[PDB]
Amino acid sequence: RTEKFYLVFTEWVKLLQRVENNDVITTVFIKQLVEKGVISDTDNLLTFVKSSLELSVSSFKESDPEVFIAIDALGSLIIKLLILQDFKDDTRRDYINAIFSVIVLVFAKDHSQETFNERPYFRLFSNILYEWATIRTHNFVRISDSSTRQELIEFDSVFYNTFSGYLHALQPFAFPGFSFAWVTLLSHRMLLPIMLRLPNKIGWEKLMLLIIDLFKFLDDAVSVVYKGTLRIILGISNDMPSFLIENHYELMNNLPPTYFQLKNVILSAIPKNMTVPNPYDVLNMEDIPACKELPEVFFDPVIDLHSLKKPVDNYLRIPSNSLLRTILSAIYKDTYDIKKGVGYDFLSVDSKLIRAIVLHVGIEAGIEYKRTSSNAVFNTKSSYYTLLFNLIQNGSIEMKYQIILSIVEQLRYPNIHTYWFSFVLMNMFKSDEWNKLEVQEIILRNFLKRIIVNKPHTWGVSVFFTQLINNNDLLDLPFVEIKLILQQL
Amino acid sequence: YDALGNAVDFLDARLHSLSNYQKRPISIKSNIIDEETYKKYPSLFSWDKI
């Protein structure tokens, strides 16, 4: 029975080979398939693609040299049936998802010992991308423009996001061997660049899902992943730097702190059109009109704030000392009572939670600046500063560490957050009313660990590092091999 | 020596599991491709139904 299906695909491989695929005979061939009972039912169709793939991998076997003439023909068949077939309203979505499910299904069946190789599957996925990348050229103009075209335009954004979903199924965590082969597909010239350039960031949702899978793995066959991870973010930093700026919140959360180099590149990212002044040169950012702009954020941190949305906002309005106690009590609760971690990072201070707070305050502080003349937003007695100031003083050591860490991370390109949080860091460092050596040491520690690593050094830290000496209030800090840096710069 | 059960056996069933999911007839675009030209072409197959 299965041998029959093999003979059919044997007819397809022989036809397309030695013939230009563009010729309409191939479209008639698939029209000949439905004539018989082979493709008559979907149960047989998915069975046809099933066996057709297992044959290509077998055909790849026993091959001394690059036999893809069998699998590349299949890759075109997948696309040729996606376009040449008449689909119902929701059926087109189920179709592409079905085939992808089969491909990854065989992959798992192959990964289970029964001489597995990761090159042919990679070739198949690559062909599907290259093929579809050719079809979607200029709003799908190549097709008849019968306004079946219109159906494909709406399918364009749904194709990659679903494809990214099936790519996630073969994440490095799943298959160690396919790890390197997985990164190369992520950074495919037909996948990464256009999804970043998709209309209004629709694809950014699933692009994150893949990078997080990459970060969680980093938290050996890891070297190949990290080495591949770096050239992606850098590639994005040049192509679409906004992607690193807006989604920084959801990105910094799942990124281990051990990686300081990778940290900077994300925060060092700047918009394409913009150009910045020399940071190492000496004040008055009010003169700069660029920092007044509000930095966009794709993911609002208020969601992961959950129940503290009320007491924080009520505190941001009026600084109630009674409302301060409950907020702290909530943090201490999530740290010790519940949300117990394991091993290292046991009784963790929820970095996501702390980062969400510090970021949320900055956002609300930004809106408060766009409105109402902006004179009030910067003060020692301002509510936006009062909250961050009190959480530190009443917070524990590890608790204070995360707050300062989060603040420093927001110092990026010339925006109001960088402007504000800098004024926070600057003021706090020179701020009295503390009982102080402990705090300043954390101010320095979390800040110092952003310059020592190789460039590019972020703009925000560079300026704050400059005005610090320019402010004149040096090594006088008694805690300072720490003095080795002073001689460095 | 696993009786029937195996990782490869479980998955091969999954591919068949997904096949019978949402059975539909494959509707080719009848409007397109100049029908009655299709009738002129050869068999182009070695199929045997049953």
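Conventions used here
- Residues numbered from 1 in each chain as written, not as in the entry; some residues may be left out.
- Chains lettered and ligands numbered in written order.
- Heavy atoms only, no water.
- Residues with missing side-chain atoms left out of burial classes, pairs and counts.
- Helix = DSSP H or I, 4+ residues; strand = E, 2+ residues; numbered from the N terminus.
- Domains from an automatic or database assignment.
- Contact = heavy atoms within 4.5 Å.
- Nonpolar A, V, L, I, M, F, W, Y, C, P; charged D, E, K, R; others polar.
- Salt bridge = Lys/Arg side-chain N within 4 Å of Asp/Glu carboxyl O.
- Axes fitted to C-alpha atoms, helices over the stretch in contact; angles between N-to-C directions.
- Parallel < 35°, antiparallel > 145°, perpendicular 65-115°, else oblique.
- Expected span 1.5 Å × (residues − 1).
- Bend = angle between axes of the 7 residues up to and from the residue.
- Left-handed = near helix turned anticlockwise from the far one by under 90°.

Per the deposited record, the coordinates in this entry were obtained by X-ray crystallography to a resolution of 3.620 Å.

1. Structural notes on the overall build of chain A
Per the secondary structure count, chain A includes 23 helices and zero strands. With the C-alpha coordinates of chain A rotated into their principal frame, the extents come out at 85 × 45 × 45 Å.

2. A short note on the domain arrangement of chain A
All names here are of chain A. When the domains of chain A are assigned, the result is domain 1 (1-267) and domain 2 (268-488). The centre of domain 1, based on its C-alpha atoms, is set 42 Å off from the matching centre of domain 2. If you look at the interface, domain 1 gives 19 residues, while domain 2 gives 24 residues. Secondary structure elements with two or more residues in the side of domain 1 that touches domain 2: α11 (223-239), α12 (242-246), α13 (248-253) and α14 (261-268). Tallied by class, residues from the side of domain 1 that touches domain 2 come to nine nonpolar, seven polar and three charged.

3. Brief notes about the interface of chain A and chain B
Residue-level contacts link 42 residues of chain A with 23 residues of chain B. Every element with two or more residues in the side of chain A that touches chain B is listed here: α1 (2-16), α2 (25-33), α3 (42-60) and α5 (91-111) of chain A. Ranked by residues supplied to the side of chain A that touches chain B, first place goes to α5 of chain A with eight residues. Considered class by class, the residues forming the side of chain A that touches chain B number 19 nonpolar, ten polar and 13 charged.

4. Some points on the pattern of salt bridges
Residues and elements named next belong to chain A. Residue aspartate 72 is joined to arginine 123 by a salt bridge in which the shortest nitrogen-to-oxygen separation is 2.7 Å. For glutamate 409, the salt bridge is made with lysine 263, and the minimal N-O distance between the two is 3.4 Å. Here the salt bridges do not stand alone but share partners, grouping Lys263, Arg355 and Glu409 into one network.

5. Examining the side chain of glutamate 368 of chain A
The topology assignment puts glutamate 368 of chain A in helix α17 (residues 351-370). When sequence neighbours within four positions are dropped, the list of residues in contact with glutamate 368 of chain A reads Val377 and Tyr384 of chain A.

6. Examining the packing of helix α8 (residues 179-186) of chain A against α11 of chain A
All names here are of chain A. Their axes nearest at 9 Å, the elements α8 and α11 cross at an angle of 10°. In this view, α8 runs roughly parallel relative to α11, as classed from their interaxial angle. Contacts between α8 and α11 involve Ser179, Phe180, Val183, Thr184 and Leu186 from the first element and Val224, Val225, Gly228, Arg231 and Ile232 from the second. A per-class count over the contact of α8 with α11 returns six nonpolar, three polar and one charged.

7. Here's the deal with helix α7 (residues 149-168) of chain A
In this model, α7 of chain A (20 residues) spans 29 Å end to end at C-alpha, consistent with the 28 Å of a helix rising 1.5 Å per residue. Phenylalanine 155 of chain A marks the point of greatest bend in α7 of chain A, at about 40°.

8. Focus: the packing of α17 of chain A against helix α20 (residues 416-430) of chain A
Residue and element names in this part refer to chain A. Contact geometry of α17 with α20 gives a least axis separation of 10 Å together with a crossing angle of 110°. Our classification of the angle between α17 and α20 gives roughly perpendicular. α20 is crossed by α17, and the crossing has right-handed handedness. Packed against α17, whose contacting residues are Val358, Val361, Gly362, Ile363, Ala365, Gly366 and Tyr369, the element α20 presents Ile416, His417, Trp420 and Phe421 at the interface. When grouped by side-chain class, the residues that make up the contact of α17 with α20 number eight nonpolar, three polar and no charged.

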